[PDB]
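What's counted below: heavy atoms across the whole structure, side chains too, no hydrogens, waters or symmetry copies. Residue numbers start at 1 and run along the sequence shown.
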Amino acid sequence: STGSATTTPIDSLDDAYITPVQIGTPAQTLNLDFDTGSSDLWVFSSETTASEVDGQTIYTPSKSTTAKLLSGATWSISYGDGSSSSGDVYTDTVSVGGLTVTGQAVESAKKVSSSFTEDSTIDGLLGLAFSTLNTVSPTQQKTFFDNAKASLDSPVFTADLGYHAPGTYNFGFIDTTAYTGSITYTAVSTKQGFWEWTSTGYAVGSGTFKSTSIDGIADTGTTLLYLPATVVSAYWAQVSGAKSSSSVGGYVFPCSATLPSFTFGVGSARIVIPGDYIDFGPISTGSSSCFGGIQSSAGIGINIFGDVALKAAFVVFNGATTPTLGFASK
């Protein structure tokens, strides 16, 4: 089997991407944030505290003939940005782009933090990291991908995120028309539960490539590119007037600037992030200070190849017995 679904930016900045997902019988379609940095499929639901729902579409398990309470199971998750959610668990039929999993754990939110409430466009998350990170207790549950894997034509999914445009998540096949040149594959460590890999270095603009190992995760659920302070300082030093602002919470730059590109290494290959991808616009409406899309990972504890980086590539998440990651230009 295979599946193919379009993923759409939630706003003009590509802050996140939503992908329609069919849950239950008859289908209830919710728009979920596919997140290769976590491993829970959770949704706004008929059980979510009413004051914490503001415009989201909810899953109502009582209206699904295939929903079953997973008795005794609870979940609770905290994300890197400080947001969180928790609740109980149902199993139900879940389909993405024509690919159907029966008996999928659908984590029903009883509580969500304010950032989720305030984002009316995201009806939940669909985790695509390794199932060892799944938070369901006392019986850990498998991700949608883990459940689908054996049925897939090939045990892979791909992320093809758009810049200010829709893109695609495919399951079970590699669309050889969706990228240019060849795909370069690189080793993955699953020790922390993430799609963790080591970039071979970077360049700023037309500058020379610096060969240096940068361990980080491929995370579709993180907006920006978070790299070591040395790398980030080297980038922003090429933008006149750019500075790190503790009050704003990162590097800012004059909105009048033209940003240089940023290149990262995948083995001997190179992925170029155009300068425009690094512009996250005014810090507040009407400001001439703009927020940067490359930020320091210092104090996160991990480097994160978020959407800013991934949307410059066609990315293969290879879930073979020994997982790997592939990157191509597009």
Below 30° counts as parallel, above 60° as perpendicular, anything between as tilted: where do the rings of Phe171 and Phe145 land?
tilted
Would you check, one step at a time, whether the test side chain to side chain donor-acceptor pair (under 3.5 Å) holds for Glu196 with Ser189?
CA-CA 5 Å; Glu196 187 170 1; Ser189 170; 4.5 Å; no
Compare all side-chain heavy atoms of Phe130 with those of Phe194 and state whether any distance is below 4.5 angstrom.
no
Do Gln141 side-chain atoms and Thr139 backbone N/O form a donor-acceptor pair below 3.5 Å?
yes
Judged by atom type as modelled, is there a donor-acceptor pair below 3.5 Å linking the side chain of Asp123 to the main-chain atoms of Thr57?
yes
Atom pairs and distances, donor-acceptor, side-chain atoms in residues 200-211, under 3.5 Å, two or more places apart:
| from | atom 1 | to | atom 2 | distance (Å) |
| --- | --- | --- | --- | --- |
| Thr200 | OG1 | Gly267 | O | 2.8 |

Minimum heavy-atom separation for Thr220 to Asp307, with atom names?
O-OD1, 2.6 Å
Only residue of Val101, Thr65, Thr102 satisfying side chain to side chain contact (heavy atoms under 4.5 Å, CB included) with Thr93 is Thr102
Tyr79 and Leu125, any side-chain heavy atoms less than 4.5 Å apart
yes
Between the side chain of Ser45 and the main-chain N/O of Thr60, is any donor-acceptor distance below 3.5 Å?
no
To the nearest 0.5 angstrom, please state how far the CG atom of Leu225 sits from the CD1 atom of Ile294.
5.0 Å
If the plane angle is over 60° it's perpendicular, under 30° parallel, otherwise tilted; pick one for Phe305 and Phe264.
tilted
Dump the intermediate steps for side-chain contact (heavy atoms from CB on, under 4.5 Å) on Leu99 and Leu152, then the final yes or no.
CA-CA 9 Å; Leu99 170 65; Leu152 293 179; 3.7 Å; yes
Donor-acceptor pair, distance only, cut-off 3.5 Å: does the side chain of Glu52 make one with the backbone of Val112?
yes
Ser120 and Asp54: side-chain donor and acceptor closer than 3.5 Å?
no
Can you tell me how far the CG atom of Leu128 sits from the OH atom of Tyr169, to the nearest 0.5 Å?
7.0 Å
Looking at every non-hydrogen atom in both residues, tell me the closest pair between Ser38 and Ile77 and how far apart they are.
CB-CD1, 4.4 Å
Please tell me if the side chains of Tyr59 and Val106 come closer than 4.5 Å, counting only heavy atoms from C-beta onward.
yes
To check you understand the geometry: which heavy-atom pair defines the closest contact between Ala269 and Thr184, and what is its length?
CB-OG1, 3.3 Å
Can you check whether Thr19 reaches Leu32 side chain to side chain, under 4.5 Å on heavy atoms?
no
Are side-chain heavy atoms of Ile271 and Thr263 found at a separation under 4.5 Å?
no
Show the numbers, then the answer: is there a side chain to side chain donor-acceptor pair (under 3.5 Å) between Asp146 and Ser131?
CA-CA 7 Å; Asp146 212 336; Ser131 292; 2.7 Å; yes
Distance from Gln56 atom CD to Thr117 atom OG1, nearest 0.5 Å?
6.5 Å
Please report the C-alpha distance between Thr168 and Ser4 in whole Å, then the side-chain angles of each, then the deciding distance to 0.1 Å, and finally whether the side-chain contact (heavy atoms from CB on, under 4.5 Å) criterion is met.
CA-CA 7 Å; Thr168 305; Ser4 184; 3.8 Å; yes
Closest approach of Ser83 and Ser115, non-hydrogen atoms and distance?
CB-OG, 3.2 Å
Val43 and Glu107: CA distance, side-chain angles, deciding distance, side-chain contact (heavy atoms from CB on, under 4.5 Å) verdict
CA-CA 6 Å; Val43 297; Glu107 302 174 33; over 6 Å; no
How long is the span from the CD1 atom in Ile10 to the CD1 atom in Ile18, to the nearest 0.5 Å?
7.0 Å
Quick one: do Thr66 and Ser64 satisfy side chain to side chain donor-acceptor pair (under 3.5 Å)? Show the steps, please.
CA-CA 5 Å; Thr66 41; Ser64 173; 3.3 Å; yes
Taking the side chain as every heavy atom from C-beta outward, state whether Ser46 and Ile58 have any pair of such atoms under 4.5 Å apart.
yes
Taking distance alone, no hydrogens or angles, what donor-acceptor pairs closer than 3.5 Å link side-chain atoms of residues 160-167 to residues at least two apart or in another chain?
| from | atom 1 | to | atom 2 | distance (Å) |
| --- | --- | --- | --- | --- |
| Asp160 | OD1 | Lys330 | NZ | 2.8 |
| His164 | ND1 | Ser12 | O | 3.4 |
| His164 | ND1 | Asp14 | OD1 | 3.4 |
| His164 | ND1 | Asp14 | OD2 | 3.4 |

Distance-only, no hydrogens or angles: does the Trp195 side chain make a donor-acceptor pair with backbone N or O of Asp219 under 3.5 Å?
no
Would you say the side-chain atoms of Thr222 pair up with the backbone N or O of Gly306, donor to acceptor, closer than 3.5 Å?
no
Given 3.5 Å as the limit, does a donor-acceptor pair link the side chain of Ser261 with the main chain of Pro274, or not?
no
Contact between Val239 and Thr258 at the side-chain level, heavy atoms closer than 4.5 Å - yes or no?
no
Checking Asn318 against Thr324: is there a side-chain donor and acceptor pair closer than 3.5 Å?
yes
Write down the atom of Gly250, the atom of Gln295, and the distance for their closest heavy-atom approach.
CA-OE1, 3.3 Å
Please check if the side chain of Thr49 supplies one atom and the backbone of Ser51 the other of a donor-acceptor pair under 3.5 Å.
no
Aromatic ring centroids of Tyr179 and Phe314 under 6.0 Å?
yes
Just verifying a value: how many Å separate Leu70 CG and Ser108 OG, rounded to the nearest 0.5 Å?
12.0 Å
Following the transitive rule for hydrophobic clusters with a side-chain heavy-atom cut-off under 4.5 Å over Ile, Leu, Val, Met, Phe, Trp and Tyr, establish whether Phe173 and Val96 coincide in one cluster.
no
Please work out whether the ring planes of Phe327 and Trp197 are parallel, tilted or perpendicular, with thresholds of 30° and 60°.
tilted
How close do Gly293 and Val308 get, counting heavy atoms only, and between which atoms?
O-CG2, 3.7 Å
According to the interplanar angle, ranging from 0 to 90°, do the rings of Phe116 and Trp42 count as parallel (below 30°), tilted (30 to 60°) or perpendicular (above 60°)?
perpendicular
State, with a plain yes or no, whether a side-chain heavy atom of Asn134 is found less than 4.5 Å away from one of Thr143.
no
Tell me, with the steps shown, if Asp15 and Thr223 meet side chain to side chain donor-acceptor pair (under 3.5 Å).
CA-CA 6 Å; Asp15 281 317; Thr223 311; 4.7 Å; no
Between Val21 and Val94, does the side-chain contact (heavy atoms from CB on, under 4.5 Å) criterion hold? Intermediate values first, please.
CA-CA 7 Å; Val21 177; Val94 173; 3.7 Å; yes
Find the distance between OG1 (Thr230) and CD1 (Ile214) and round it off to the nearest 0.5 Å.
7.5 Å
Counting only N and O atoms by type, is there a donor-acceptor contact under 3.5 Å from the side chain of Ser95 to the main-chain atoms of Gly98?
no
Within one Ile-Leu-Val-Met-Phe-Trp-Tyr cluster: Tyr226 and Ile302, side-chain cutoff 4.5 Å:
yes
Indicate yes or no for a side-chain donor-acceptor contact from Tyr277 to the backbone of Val272 under 3.5 Å, with no hydrogens or angles considered.
no
